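Below, in structure tokens: the form solved without the ligand, a single chain.
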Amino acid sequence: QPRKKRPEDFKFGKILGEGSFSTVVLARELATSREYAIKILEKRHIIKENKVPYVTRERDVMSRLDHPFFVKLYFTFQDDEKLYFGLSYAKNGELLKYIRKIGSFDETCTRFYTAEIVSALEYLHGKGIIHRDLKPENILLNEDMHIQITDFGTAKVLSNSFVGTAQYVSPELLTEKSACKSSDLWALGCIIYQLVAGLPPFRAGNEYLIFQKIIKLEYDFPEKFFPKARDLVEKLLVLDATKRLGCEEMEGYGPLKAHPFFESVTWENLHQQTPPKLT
């Protein structure tokens, strides 16, 4: 291994994000000029808040990922007070930013980015890992406009407890306190809807009211919604977790990737394809 890095090996720059248990700062490694997104965590605060298992799991999951559509963990170190995780820097920020910038994605762009997300999930679920907080805020865009999925703090490694962002919460988490690969597939359905409609499907004044719409499958499609994309969403936003397209009970990613909405997709080498320009 290269000798352990230290804070003094980097020139730290702007803060990219501030979480409850961490801060992500852009850093330039002096010896190389390379930019990393360095996630910084305070050991005392992690201990106080009983987050050792979560931080441990985050590091362990990221160490297992080796795929172009995921954030890469390059190095870790620590000083007396802090843990530092050296991550890939995705220069273009949140997918959510582009949804808002252009309002909604046309069909070509919806297809391409949905295909990248499905392909990332196939990889992740193949490793028996579930994300549990998938949303446009956690799906970043690199300099080449390919996705990089981030935020593995709340991931689960398959062998209750955590519920992610309200708008993307699957009904089984609300009704049975239980998560599975299918919870990510529900979130995928919500994300596809958001790409096409410009907004997530379940929206209300507060969390309780959102949860109420989720468990009743209370959402509708706007008129212009790409018909094949609507059919795919209807196959993902299914209350029964065992009937969601892509899940093991529905025989996996084969049938999901075979959906008519993806007819023109070449699944083999998405990361080497040029992304369509966002309007």
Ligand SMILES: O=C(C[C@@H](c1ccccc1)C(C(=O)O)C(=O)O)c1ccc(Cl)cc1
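All residue numbers refer to positions in the sequence shown, first residue = 1.
The form solved in complex with the ligand is left out here; the points below concern that form.
Partner contacts here mean any heavy atom within 4.5 Å of the ligand in the entry with it bound, and among 214-222, 227-235, 245-253, 39-47 they occur only in 39-47. In the entry with it bound, the ligand sits within 4.5 Å of a heavy atom of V52.
Interface membership of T56, defined by any non-hydrogen atom within 4.5 Å of the ligand in the entry with it bound, is confirmed. When the ligand is considered in the entry with it bound, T76 lines it closely, a heavy atom lying within 4.5 Å. In the entry with it bound, no heavy atom of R6 sits within 4.5 Å of the ligand.
Contacts between stretch 175-203 and the ligand, counted in the entry with it bound as any heavy atom lying within 4.5 Å, involve no residue at all.
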